[PDB]
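Basis: the model, the stated rules and, where named, an outside source; no laboratory read-out is quoted. Quick reminder, even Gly has a Cβ in these numbers, built from the backbone with ideal geometry, and neighbours come from all protein chains shown.
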Protein chains: 2
Amino acid sequence: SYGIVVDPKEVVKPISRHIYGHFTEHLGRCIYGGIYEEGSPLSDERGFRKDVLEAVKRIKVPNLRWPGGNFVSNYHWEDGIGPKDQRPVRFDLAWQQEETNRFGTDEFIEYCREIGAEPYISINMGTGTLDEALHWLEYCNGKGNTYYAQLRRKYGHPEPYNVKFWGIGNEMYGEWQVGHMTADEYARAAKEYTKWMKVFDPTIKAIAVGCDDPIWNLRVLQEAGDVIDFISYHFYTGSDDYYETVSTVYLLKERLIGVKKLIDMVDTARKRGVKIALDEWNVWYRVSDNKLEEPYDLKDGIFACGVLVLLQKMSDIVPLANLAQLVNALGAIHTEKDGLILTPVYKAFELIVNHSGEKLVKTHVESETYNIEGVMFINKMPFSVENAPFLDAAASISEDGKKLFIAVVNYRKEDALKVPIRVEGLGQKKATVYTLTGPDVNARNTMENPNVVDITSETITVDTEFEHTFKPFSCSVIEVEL
Amino acid sequence: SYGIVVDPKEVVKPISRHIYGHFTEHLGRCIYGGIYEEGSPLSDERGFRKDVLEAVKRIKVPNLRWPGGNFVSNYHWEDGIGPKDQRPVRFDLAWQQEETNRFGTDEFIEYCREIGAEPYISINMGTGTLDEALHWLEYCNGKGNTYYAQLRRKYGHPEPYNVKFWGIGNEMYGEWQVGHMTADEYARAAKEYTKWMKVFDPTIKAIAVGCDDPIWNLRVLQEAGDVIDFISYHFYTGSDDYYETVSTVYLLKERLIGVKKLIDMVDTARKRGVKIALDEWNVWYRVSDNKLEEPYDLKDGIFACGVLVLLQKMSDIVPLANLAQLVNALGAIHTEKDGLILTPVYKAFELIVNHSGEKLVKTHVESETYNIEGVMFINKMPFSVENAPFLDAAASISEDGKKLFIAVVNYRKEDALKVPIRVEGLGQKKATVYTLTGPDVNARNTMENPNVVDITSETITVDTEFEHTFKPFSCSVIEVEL
Ligand SMILES: OC[C@@H]1O[C@@H](O)[C@H](O)[C@H]1O
Ligand SMILES: OC[C@@H]1O[C@@H](O)[C@H](O)[C@H]1O
Ligand SMILES: OC[C@@H]1O[C@@H](O)[C@H](O)[C@H]1O
Ligand SMILES: OC[C@@H]1O[C@@H](O)[C@H](O)[C@H]1O
Ligand SMILES: OC[C@@H]1O[C@@H](O)[C@H](O)[C@H]1O
Ligand SMILES: OC[C@@H]1O[C@@H](O)[C@H](O)[C@H]1O
Ligand SMILES: OC[C@@H]1O[C@@H](O)[C@H](O)[C@H]1O
Ligand SMILES: OC[C@@H]1O[C@@H](O)[C@H](O)[C@H]1O
């Protein structure tokens, strides 16, 4: 009644490297006090916090979304370029604070370069215009002698940045968004901004705004499905109950199959192969203020593992995802003036990113399942999930075919699972199992005790057939040389 | 690379008996000269063709849809009740025929009772009204002293008919439909007809019109998803190419999944468990006139077995389906004045209906798959399907646990397939394998040659593990005791 069968020789499909994306918004101390802190003993001469920088390089960020989020829908990018001392101080409506703009476009790109991530910039469709968006694209990507390409060179960067991912607005349906639009307004505006941006630079990928309103998604696909590359989806979840939290991996799964089906229902979008960008996701239910310093625990980390395993299996449909967010705001990493904490949600990434392959292989899982009705999110909205598994898994192999990674999540709250595993054509080998867990479902790391929740390993012997015992509330990756 | 693993002890879910339903429209010779022929040497005293009756009873019709189809949208049911000699001749706009109304509601119910089928009545939303629908329902189902209940008694039937299935309109989106409606009009009207019909009889099930326009489906679900029980889907397919035909089983599958996901995205409909009625489906690509006498061949037969196997596996989502149509019009059975022909589409049902269980058991199938771009239907619309299997199967057990049915489709056009089969805990035993196929993919039955395409049987030996070889373009059921 539990079991895993893997066939390393049967490659199902690629795993998009961009499922492991991240997001830094100008929110609270995400930027200021987070990744960037001018004159800290802990910061380099660009103002980047070095301890943060090290934590971020460790999770090999493939792409990084900035600057929003609600923030961007009242952000004028030209306020954040040029000599820092000449940049205007603005009041940010999203999160109600003074924004000095000392972190702007050039610093963001320098940050992305430093960490090896592709920049992914959202534009302002709230108080912003088409002209303003085209100017940002011109500044970032122009090769010629246009005013904004020259301005990039003038401020110190002759080579174009070549930003590939552009978000065509953020959450434009929500009445919390500055300049929020009806479905018909937004669908027409997404087509409009995307087509002219692609006229200036045909190489960009355009992510249009999606949500849970199927009519909204359909208007966007209908109107703009001939020019956009992704429709986005945001997913925030969680409650105090362990199972209500982790079970929502499978709520998310059904949501995404839904949006994939709407894409199939619009001919031009289906034929062009428009995909989904899960460009914000996380647990978020405890804290509701202007800083969002959600104290993630292990339960939340298991949720994050479950999603990464899901995305490995579904990346042909959802090739781009972004955890919200990297530092402090809904933060994977939490900083103080004199240190940082790695939350269990960061650990989910540290585990999967470092112990996963580039191709998904055939993985058949047998599992007991459970039904649940709970609440999620800061408003405690009822949901329900049917036949959520207690055990999930994804087997992948490295590009060179030399390594197999069997990622396994045991969602059971109280019982360890003894799981029979078959791997086709595998000899007897020593292998290492890397496990994320901790003493209880509510364990957290603190400055006090930075390592209560961490990745530990043990060596085991594997064969064509073997059993392993997976701890309750844990994610493990079995790593095997082929 | 091909294989079937069955566990008879793991019941996955019920198989709704209503997936084997049928449909007789007042179109061409489906009624007059089809199921019904007054004064024929081949007819009983009710005017029912006795040779047709025998063939229909052989396929154990669980429900029968009537009178349309396009016909019902200009049909006034009161024209079809009372002494036949006084019923008015009407011009049917849908098929351009004089309709004598000599076959009407009372004859239909009597036909249903003869064959043992639940009546499924579609109402007229084209030229009809709410009152007129309510009067039909009251005539059929009233057990009190209302005028129309008394009227049914007056015409000879004191007991109510208890019609359980009501179709709220037919294809009301189509410009071909008399009185066709926009999505908003139909959505509101479906809610209105359904709610008041259910005030008079709350035990009926109501099927609302769906189609391939996702905005249409969603307006119906949003407006009426609190009262309806199914949204209907119609699927017609085929071309002269063998694989282009049979592969559309998996195009159907994806269509159905998409409609299922629309349901999931409408809170009231999802919570209430609204399902799908596939209330018209068949091959239909060669004939385009007002008689629709489509010459089905074996290829179309294998398509139909293929849909039946799919429906056994998805009947919790699609509990009701009706092949269009039973006799002559797109007909499973073809009649002439002096006899009939059982087409291979009829043989599909003769096989599955007689060799299937009421419960679906754990069935895992391994199979090579293919991709195809083809054309379908009378307009030769292009379609594409990804990873269709060459082999598929479903295993079911009888209600009393005594029998196991393994239905297997081999879609391979050219090669037999020796296939390993595992049945958990199965003794070594004798089984009978019933198989449907014929000389070639374009084989048909005729009056001359009525058994070119027929079901054969041979005894075989089965065990916990055995192999069986399946003919190309064939469907078989392995019927095992215990
Ligand atoms: O990530 C926090 C907020 O969540 C979403 O509502 C917004 O896009 C973002 O600003
Ligand atoms: O801010 C998170 C929000 O909760 C949901 O209603 C919004 O659509 C989603 O973006
Ligand atoms: O209450 C709405 C919650 O915010 C969103 O992220 C969740 O998906 C949505 O259901
Ligand atoms: O079955 C023939 C026709 O096909 C569908 O378009 C109509 O509902 C039916 O009258
Ligand atoms: O008449 C069969 C039809 O082909 C499709 O366009 C219609 O919607 C379907 O009912
Ligand atoms: O081209 C219209 C065809 O008629 C319908 O039955 C098929 O689904 C549709 O694609
Ligand atoms: O498999 C054939 C069917 O089983 C029998 O009961 C039916 O009469 C026969 O036609
Ligand atoms: O002829 C096929 C019939 O179907 C089976 O149920 C009957 O026993 C067999 O006679």
Filter segment B:340-357 down to the residues that are under 13 Å from B:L330 (Cα atoms) and part of a helix (DSSP H, G or I), then identify the one that is nearest to ligand 1 (Cβ to nearest atom). B:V345
Looking at A:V249, A:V259, which one is β-branched (V, I, T) and facing chain B (nearest Cβ under 10 Å)? A:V259
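Answer with yes or no whether A:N162 is over 29 Å from A:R219 (Cβ atoms) and either more than 25 Å from the chain's Cα centre (by Cα) or in a strand (DSSP E or B) (or both).
Criteria not met by A:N162.
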Please go through segment A:191-234 and give me each residue that is more than 19 Å from A:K253 (Cα to Cα) and within 14 Å of chain B (Cβ to nearest Cβ), ordered by number. A:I215, A:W216, A:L218, A:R219, A:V220, A:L221, A:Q222, A:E223, A:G225
Counting only residues that are more than 26 Å from A:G225 (Cβ to Cβ) and in contact (Cβ under 8 Å) with a residue 24 or more places away in the chain, how many does segment A:153-177 have? 5
Would you be able to tell me the number of residues in segment A:309-333 that are farther than 20 Å from A:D51 by Cα, in a loop (DSSP other than H, G, I, E, B), over 13 Å from the mean Cα position of the chain (by Cα) and hydrophobic (A, V, I, L, M, F, W, C)? 1
Would you check if A:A183 is within 16 Å of ligand 2 (Cβ to nearest atom), over 22 Å from A:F23 (Cα atoms) and either surrounded by 18 or more Cβ atoms within 10 Å (Cβ to Cβ) or in the same structural domain as A:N70 (by CATH) (or both)? yes
Yes or no: A:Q96 in contact with a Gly (Cβ under 8 Å, 6 or more places away or on another chain) and touching a residue at least 12 places away in the same chain (Cβ under 8 Å)? no
Name the strands (runs of 3 or more DSSP E) wholly within segment B:362-475 that hold at least 1 residues that are more than 16 Å from ligand 5 (Cβ to nearest atom), within 14 Å of chain A (Cβ to nearest Cβ) and among the small types (G, A, S)? B:381-389
Can you name the condition, by its number, that B:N442 falls short on among (1) within 16 Å of ligand 8 (Cβ to nearest atom); (2) closer than 23 Å to B:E244 by Cα? (1)
Which number in (1) within 16 Å of ligand 8 (Cβ to nearest atom); (2) farther than 22 Å from B:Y20 by Cβ marks the one condition that B:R412 misses? (1)
Mind listing just one residue for me: the one in segment B:1-25 that is among the small types (G, A, S) and part of a strand (DSSP E or B) and, of those, surrounded by the fewest Cβ atoms within 10 Å (Cβ to Cβ)? B:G3
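Could you grab me the full set of residues in segment A:225-267 that are aliphatic (A, V, I, L, M), under 21 Å from A:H18 (Cβ atoms) and either surrounded by fewer than 22 Cβ atoms within 10 Å (Cβ to Cβ) or away from ligand 1 (no atom under 16 Å from the Cβ) (or both)?
Correct list: A:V227, A:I228, A:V249, A:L256, A:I257, A:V259, A:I263.
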